[PDB]
Structures are given as C-alpha cells and as structure tokens.
Amino acid sequence: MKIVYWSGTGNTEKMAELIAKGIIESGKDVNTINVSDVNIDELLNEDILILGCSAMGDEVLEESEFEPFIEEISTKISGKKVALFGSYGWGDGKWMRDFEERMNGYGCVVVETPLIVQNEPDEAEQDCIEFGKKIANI
Ligand SMILES: Cc1cc2nc3c(=O)[nH]c(=O)nc-3n(C[C@H](O)[C@H](O)[C@H](O)COP(=O)(O)O)c2cc1C
C-alpha cells in the first residue's frame, strides 16, 4: 500500500509512520511517500489511497504542494477507496470535514472516518496504529 502526506513540522509525518506500522503489523507491506516525491501514475494503480495533510491556512489543505496534487488526481479517482488523516492545532476539524466532502464529491468512497489528532500524536499513538489495522483489513 501507499501513504502520501504533507507535514510542515512533522506531526502528520509521525501519524503516517504509525499508520504504516499498523498496516505492517497486519502482515502487509506499505510505503510512506511525501507528496513532493509522489508519482501520480504509480499511485493511481493502488486499491486504496491513504492521504494525509495537516490543517493549514484558514482551515484548508496545504496550498503550495498538497492542494495542487489533490486537483491533479481529482479527475482520475472516481470509484477509488480513500482513507484520510491529519494533524491540526486550534480548530475542530473543519479542514477535514471539507476534505472528506471533496473526495466524496470526486466519486471516491471514504472507507473509514478520517483520523485527526491534535498536534503531535502522543496519547493518540495506538489510535494511529489501529487506523492502519482497519485499512489493511479492507
Ligand atoms: C500557517 C498555519 C495555519 C494553520 N491553520 C490551522 C487551521 O486553520 N486550523 C487548525 O486547527 N490548525 C491549523 N494550523 C496548525 C497545524 O495544523 C498544526 O500545528 C499541526 O499539528 C501541524 O502538523 P504538521 O507538522 O503535520 O504540519 C496551522 C498551522 C500553520 C503553520
């Protein structure tokens, strides 16, 4: 499987690692890719797209790299399964409610409830591993 993410300080990156750990513990392989090093062509062959990005700007996806990437793949992902995650700070998840609505609008099937964790995953570490286990079980 593949996990593509954007992280500004490392919080979403850590969530990605823990989610990968859960998939691996389930007996499956998985690669975590920073959005800047992603190959759209190969990514589109995946059964499930695992995407993560922290809450940026005023409750939006990161604008210079992650957002353009979502727009790029938007026309080629209808019917695909997606799992969404990300770290946030002061809000209550508005950027993720919007991200989920958006992916749904592109024709994707959001397999699990988006996983959002405030700041760094410390107390939420197991939740991250469990999210990975749920995904590897689909
Ligand atoms: C420029 C900027 C804008 C932000 N906007 C939001 C926001 O609208 N809502 C929110 O809850 N957190 C917001 N945050 C906080 C980050 O989502 C939060 O610090 C998160 O843990 C960062 O994860 P990262 O290291 O993966 O990027 C913002 C952070 C920055 C730097």
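Conventions and cut-offs
- Within every chain, residues carry numbers counted from 1 in written sequence order, not necessarily those of the entry, while residues missing coordinates are excluded from display.
- To get the side-chain values, take all heavy atoms of the structure and skip hydrogens and water.
- Computed over the protein atoms alone on a 1 Å grid, cavities are sets of points where a 1.4 Å probe fits but cannot get out and pockets are open sets with protein on both sides within 12 Å along at least five of seven lines; a residue lines them when it has an atom within 4 Å of a point.
- Grid points are joined across faces, edges and corners, and a volume is the space filled by probe spheres set on the points.
- Every helix listed is a DSSP run of H or I at least four residues long, and every strand listed is a run of E at least two residues long, numbered separately from the N terminus.
- Aromatic rings from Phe, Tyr and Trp, taking only the six-membered ring of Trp, are treated as a pair when their centres fall within 6.5 Å; an angle between ring planes under 30 degrees marks them as stacked, one over 60 as edge-to-face, and anything in between as tilted.
- The criterion for a residue being near a molecule or strand is simple. One of its heavy atoms has to lie within 4 Å of it.
- Any pair of N or O atoms that falls within 3.5 Å is considered a polar contact. Within protein, one atom must be able to donate a hydrogen and the other to accept it, and sequence-neighbouring residues count only if both atoms are side-chain atoms.
- For the area figures, the Shrake-Rupley method with a 1.4 Å probe applies, and any residue is considered shielded solely by the protein chains shown.
- Put plainly, a molecule is in a cavity or pocket when over half of its atoms are within 2 Å of the grid points there.
- Each residue is assigned to one of three classes by its accessible area relative to the maximum for its type, calculated with a 1.4 Å probe on protein chains only: buried under 20%, partly exposed between the two thresholds, exposed over 50%.
- To define axes, lines are fitted to C-alpha atoms, for helices over the stretch in contact only, and angles between the resulting N-to-C directions are given on a 0 to 180 degree scale.
- Every angle not falling under 35 degrees, over 145, or within 65 to 115 is termed oblique; those three ranges are roughly parallel, roughly antiparallel and roughly perpendicular.
- Left-handed describes a crossing in which the near helix is turned anticlockwise from the far one by less than a right angle; the clockwise case is right-handed.
- In what follows, a contact means two residues having at least one pair of non-hydrogen atoms within 4.5 Å.
- Any residue outside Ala, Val, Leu, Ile, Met, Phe, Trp, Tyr, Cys, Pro, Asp, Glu, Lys and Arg is labelled polar, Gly included; the first ten of those are nonpolar and the last four are charged.
- UniProt positions are given in the numbering used here, feature names are shortened, and annotations may be inferred rather than shown by experiment.
- Two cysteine sulfurs form what is called a disulfide whenever their separation falls within 2.5 Å.

As recorded in the entry header, the structure was determined using X-ray crystallography to a resolution of 1.8 Å.

### Considering the layout of surface pockets
Looking at the largest pocket, its volume works out to about 340 Å³. Together, 19 residues line the largest pocket, and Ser54, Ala55, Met56, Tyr88 and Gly89 are the ones closest to its centre. Elements with a contribution of two residues or more to the lining of the largest pocket: α1 (11-25) and β4 (81-88).

### Structural notes on the packing of aromatic side chains
Aromatic rings considered in pairs are described by the distance between their centres and by the relative angle of their planes. With the rule as written, the count across this model stands at three aromatic pairs. Taking the centre distance of 5.8 Å and the plane angle of 45 degrees together, the rings of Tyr88 and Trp95 count as tilted. Through a chain of ring-to-ring contacts, the aromatic side chains of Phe66, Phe69 and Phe99 assemble into a single cluster.

### Description of the site of the ligand
Looking at the ligand, there are 19 residues lining it, with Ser7, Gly8, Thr9, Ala55 and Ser87 nearest. Within the side chain of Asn11, a nitrogen or oxygen atom sits 2.8 Å from an oxygen atom of the ligand. Surface burial for the ligand is 79%, taken as the share of its 650 Å² of free accessible area covered by protein chains. When atoms are counted within 2 Å of each cavity's grid points, the one that captures over half of the ligand is the largest pocket. Of all the secondary structure elements, the ones that give two or more residues to the shell around the ligand are α1 and β4.

### Quick notes on the environment of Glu123
Tracing the backbone through its elements, the reader meets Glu123 in the loop between β6 (115-118) and α5 (125-135). Note on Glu123: relative accessible area 74%, which makes it exposed. In this structure, the C-alpha to C-alpha distance between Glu123 and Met56, residues 67 residues apart in sequence, is 22 Å.

### Some details on the packing of helix α3 (residues 66-73) against helix α4 (residues 94-105)
Following both chains from N to C, one finds α3 and α4 inclined at 20 degrees, their axes separated by 11 Å at the closest point. Put simply, α3 runs roughly parallel to α4. Once α3 is placed against α4, the crossing between them reads as right-handed. On α4, the residues that touch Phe66, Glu67, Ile70 and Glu71 of α3 are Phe99, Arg102 and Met103. Residues of the contact of α3 with α4, tallied by class, amount to four nonpolar, no polar and three charged.

### Let's talk about the UniProt feature "domain: Flavodoxin-like" in the chain
What UniProt calls "domain: Flavodoxin-like" maps, in this numbering, to residues 1-136. As annotated, residues 1-136 comprises 37% helix and 21% strand, and the C-alpha atoms at either end are separated by 9 Å.

### Some details on the state of the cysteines
This model, assessed by the stated rule, comprises zero disulfides. Among the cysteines around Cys53, which has no disulfide bond, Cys128 carries the closest sulfur, lying 15 Å off. Taking the relative accessible area as the measure of exposure, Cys53 reaches 0% and is therefore buried.

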